[PDB]
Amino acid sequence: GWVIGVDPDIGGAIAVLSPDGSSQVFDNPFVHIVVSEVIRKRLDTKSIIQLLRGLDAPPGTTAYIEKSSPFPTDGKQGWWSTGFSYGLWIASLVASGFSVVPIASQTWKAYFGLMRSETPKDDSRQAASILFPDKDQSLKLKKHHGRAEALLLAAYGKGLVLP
């Protein structure tokens, strides 16, 4: 009954579903660092691992993480950060005792009927609100689509269905 979902990008989130139906969602911790004399956001390694140590999810809990698949038209910094966020999350999840199952974005979108949307991030927040109504106040901003994708990944791995 324990399922973890991870949206790994810099505005992403981690969702935890418990066997009693309750859910948690945490924004991905980040820090500001200096790269090439400008400011960049990067995931906070220590806060991520400290977040995972304090979860009540037992070892062997499956973590469903979105498969890294950046676009060819994305720049090389987008490719680096997609890879960096992917490896940092996977290593943190494996070291915390969790079994990592990568899920393509096409898989959970087709599962919830979210393919070919004009507003995919808004539809994600709507679908996660319907699946997790106690998280509806945590999904009202446009920036909360990372929270929704983490919830939908965990909802996919748990086998929940929309009404």
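We number the residues from 1 along the sequence you see.
Higher mean CA temperature factor, per the PDB entry, when comparing 90-98 with 118-126: 118-126.
Taking the PDB entry as given, 136-144 carries the higher mean Cα B factor of the two stretches 150-158 and 136-144. The entry lists a Cα temperature factor for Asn28 that places it in the lowest third of the chain's modelled residues. When the modelled residues of the chain are ordered by C-alpha B-factor, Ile49 sits in the middle third. Per the deposited record, the Cα B-factor of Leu131 falls in the lowest third when ranked against the other modelled residues of its chain.
Residue-level temperature factors show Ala63 in the middle third of its chain, judged at the C-alpha atom. Remark: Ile39 belongs to the middle third of its chain, ranked by C-alpha B-factor as recorded.
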